[PDB]
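# Summary of structural features
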Amino acid sequence: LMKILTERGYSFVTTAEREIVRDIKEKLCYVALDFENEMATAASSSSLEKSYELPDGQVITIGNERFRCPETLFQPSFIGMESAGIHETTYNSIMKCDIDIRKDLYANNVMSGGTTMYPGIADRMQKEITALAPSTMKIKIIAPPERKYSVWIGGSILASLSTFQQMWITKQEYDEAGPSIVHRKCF
Amino acid sequence: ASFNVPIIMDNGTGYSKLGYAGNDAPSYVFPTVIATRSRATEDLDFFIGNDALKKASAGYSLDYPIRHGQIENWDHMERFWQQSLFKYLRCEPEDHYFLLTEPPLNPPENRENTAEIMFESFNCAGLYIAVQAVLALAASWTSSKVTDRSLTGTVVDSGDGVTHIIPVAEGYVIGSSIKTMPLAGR
Ligand SMILES: Nc1ncnc2c1ncn2[C@@H]1O[C@H](COP(=O)(O)OP(=O)(O)O)[C@@H](O)[C@H]1O
Ligand SMILES: [Mg+2]
């Protein structure tokens, strides 16, 4: 996003400007359901762009930059990476599994992380996975409204379980075992 | 008739000292720790003592059955005893007498479990339980020929897990004066 704001004219360089542009992406970005048609209709720039108030006071006006910078997730070649997008790596990971559990994995896609809070990412991901996968079974994507803190919610749920107290790494055990006890026990 | 030599067990918090009666030194003085996993079944892939110590990063996780002198986990203790008896001590349980020792102030439940394990899992001819101290008073006197036994004193037994200050007067141990500090070499 910092790189593509330069072509618009506005220059952000230092770390403070990096935080500023992160704040910009926080609330002025989304994932388009379709990419080519959205870029085509961005030519008639009517309902796409909308201004943002920079901390200084001058106003920013970003058009196709709103949905171009989150598109890099599905097209990693934008930043120069020979890697498949998230929509394709999910299908690849599913195909890496056994032939029986794939049907259950298709209908249970748990979105997580703070990056996945883009308004309109679940729909695009579901469409892409449906296109990739065979057309018979249904593809269901799960986007809880609180998925921003999903990892912490799961950690708190796991911590208050009776079986869990036996899975800790007690201080005495670490003292007698060295730092490799975490590899011994945790995973 | 002529019985076999009694066997002197010892299960300390840090070190276990096996041996025989009449010997001038314990046959084995090795740490009270057992290695355990988590085509031999997982029932038998366990090592104890120095073998367990050397085989620490090869795929085993060490664990100390005894802490503060009282045994918490029982699988480790019973496996430790069977490994000792049938691997290092090399004795048949049914034709020997054992002299187990364990620190005072232990729950009666621990003694009951020890007795039932010894007389069911192994079922030796006989089992005797003595207090870690006492033996200390017995070994105090060096030139113990016929008479020169002190038989009256105080034994300050400080070890790895717990220390005990036990007074003895004319052989009998005065219970009301027994006090124990829960700090030791560990
Ligand atoms: N030379 C020493 N000086 C001080 N402490 C020692 C020395 N040797 C061993 N220790 C510690 O004192 C403990 C007492 O030894 P021992 O009586 O065999 O143990 P336990 O109390 O478990 O039966 C040892 O386990 C060790 O931690
Ligand atoms: Mg001791």
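- Method of determination, as annotated in the archive: cryo-EM, at 3.5 Å resolution.

### Here's the deal with the overall build of chain B
- Counting its regular elements, chain B contains 4 helices and 14 strands.
- Rg of the C-alpha trace for chain B: 18 Å, near the compact-globule value of 16 Å for 186 residues, within the 12% margin.
- Across its three principal axes, chain B shows a C-alpha extent of roughly 60 × 45 × 30 Å.
- Considering chain B, the positive charge centre built from 14 side chains and the negative charge centre built from 22 side chains are found 8 Å apart.

### Details of the site of ligand 1
Residues and elements named next belong to chain B.
- Lining the immediate surroundings of ligand 1 are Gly12, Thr13, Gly14, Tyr15, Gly159 and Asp160.
- Between an oxygen atom of ligand 1 and a main-chain N or O atom of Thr13, the distance comes to 2.7 Å.
- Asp160 places a polar side-chain atom, nitrogen or oxygen, 2.6 Å from an oxygen atom of ligand 1.
- Coverage of ligand 1 by the protein chains reaches 44% of its 560 Å² of free accessible surface.
- Classifying every residue of the shell around ligand 1 by side-chain character gives 1 nonpolar, 4 polar and 1 charged.

### Examining the pattern of salt bridges
- Applying the stated rule across the entire model yields 18 salt bridges over all chains.
- Between A:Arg8 and A:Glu65 there is a salt bridge, with the nearest N and O atoms lying 2.5 Å from each other. With A:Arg8 in helix α1 (residues 2–8) and A:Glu65 in helix α4 (residues 65–71), the pair connects residues that are 57 residues apart, well separated along the chain.
- Among the ionic pairs, B:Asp160 bridges to B:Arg186, the shortest N-O distance being 3.1 Å. Taken together, the residues span a long stretch of sequence, with B:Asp160 in the loop between β11 (153–158) and β12 (163–169) and B:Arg186 in the segment after β14 (179–181) at a distance of 26 residues.
- Exposure remark for B:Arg186: the relative accessible area of 54% places this residue in the exposed category.
- Via salt bridges that share partners, A:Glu7, A:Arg8, A:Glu65 and A:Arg68 belong to a single interconnected network.

### Here's the deal with the pairing of strand β10 (residues 126–131) of chain B
All names here are of chain B.
- Where strand β9 (residues 97–102) meets β10, 6 bridges bridge the pair, whose relative direction is parallel. Counterpart to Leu100 in the pairing with β10 is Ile129.
- In the classification by handedness, the crossover that spans β9, the intervening helix α3 (residues 108–122) and the parallel β10 is right-handed.

### A short note on the sheet that holds strand β6 (residues 61–63) of chain B
Residues and elements named next belong to chain B.
- Read across the open sheet, the 3 strands follow the order β5-β4-β6; overall the sheet is antiparallel. With one partner strand each, in any of the chains shown, β5 (46–48) and β6 form the two edges of the open sheet. Strand-to-strand, the axes of this sheet are offset by a mean angle of 30°, without reference to chain direction.
- As paired elements, strand β4 (residues 34–36) and β5 share 3 bridges and run antiparallel to each other. Residue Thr36 lies in a different strand from β5, and its bridge partner there is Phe46.

### Brief notes about helix α2 (residues 74–89) of chain B
- Taken residue by residue, α2(B) has B:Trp74, B:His76, B:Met77, B:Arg79, B:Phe80, B:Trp81, B:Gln83, B:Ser84, B:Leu85, B:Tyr88 and B:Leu89 as its buried positions.
- Where α2(B) begins, the side chain of B:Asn73 points an oxygen toward the backbone nitrogen of B:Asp75, at a separation of 3.3 Å.

### Some points on a negative patch on the surface
- Side chains of B:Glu109, B:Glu112, B:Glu116 and B:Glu120 sit close together on the surface and give a patch of like negative charge.
- As for its position among the elements, B:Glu112 is in helix α3.

### What to know about empty space enclosed by the protein
- Considered as a void within the structure, the largest cavity measures approximately 130 Å³ in volume.
- When contributions to the lining of the largest cavity are tallied by element, the ones reaching two or more residues are β8 (70–71), β9 and α3 of chain B.
- It is β9(B) that contributes the most residues to the lining of the largest cavity, 3 residues altogether.
- The residue makeup of the lining of the largest cavity, split by class, is 5 nonpolar, 7 polar and 1 charged.
- When contributions to the lining of the second largest cavity are tallied by element, the ones reaching two or more residues are α9 (171–177) of chain A together with β7 (66–67) of chain B.

### What to know about a nonpolar patch on the surface
- On the surface, A:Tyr149, A:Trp152, A:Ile153 and A:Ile157 cluster together into a nonpolar patch covering about 490 Å² of accessible area.
- Along the chain, A:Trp152 turns up in helix α8 (residues 150–159).

### A closer look at the packing of aromatic side chains
- Summed over all chains, the structure comprises 10 aromatic pairs over all chains.
- Seen from their ring centres, A:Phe35 and A:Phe78 are 6.2 Å apart, and the 50° between their planes marks the pair as tilted. With a gap of 43 residues between them, A:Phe35 in the loop between α2 (15–27) and α3 (36–41) and A:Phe78 in the loop between α4 and α5 (86–96) connect regions that are remote in the sequence.
- Among the residues examined, A:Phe35 registers a relative accessible area of 7% and is labelled buried.
- Arranged with centres 5.7 Å apart and planes meeting at 50°, the rings of B:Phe30 and B:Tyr88 form a pair that is tilted.
- On the accessibility criterion, B:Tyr88 (16% relative accessible area) is buried.
- An aromatic cluster is present here, built from A:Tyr30, A:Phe35, A:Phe67 and A:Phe78 joined pairwise through their rings.

Conventions and cut-offs
Residues numbered from 1 in each chain as written, not as in the entry; some residues may be left out. Chains lettered and ligands numbered in written order. Part of a larger assembly, values for the part shown. Heavy atoms only, no water. Helix = DSSP H or I, 4+ residues; strand = E, 2+ residues; numbered from the N terminus. Rg over C-alpha atoms; globule rule 2.2 N^0.38 Å. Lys, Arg positive; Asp, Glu negative; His and termini not counted. Charge placed at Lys NZ, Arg CZ, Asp CG, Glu CD. Near = heavy atom within 4 Å. Polar contact = N/O pair within 3.5 Å; in protein donor to acceptor, adjacent residues only side chain to side chain. Areas by Shrake-Rupley, 256 points an atom, 1.4 Å probe, with all protein chains shown as cover. Nonpolar A, V, L, I, M, F, W, Y, C, P; charged D, E, K, R; others polar. Salt bridge = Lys/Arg side-chain N within 4 Å of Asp/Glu carboxyl O. Buried < 20%, exposed > 50% of the residue type's maximum accessible area, 1.4 Å probe, protein only. Pairing = 2+ DSSP bridges. Right-handed = clockwise from strand over helix to strand, strands pointing away. Axes fitted to C-alpha atoms, helices over the stretch in contact; angles between N-to-C directions. Patch = residues over 30% accessible without salt bridge, like charges linked within 9 Å, V, L, I, M, F, W, Y side chains within 5 Å. 1 Å grid on protein atoms, 1.4 Å probe; cavity = no way out; pocket = protein on both sides within 12 Å on 5 of 7 lines; lining within 4 Å. Points joined across faces, edges and corners; volume = space filled by probe spheres on them. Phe/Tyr/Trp six-rings, centres within 6.5 Å; stacked < 30°, edge-to-face > 60°.

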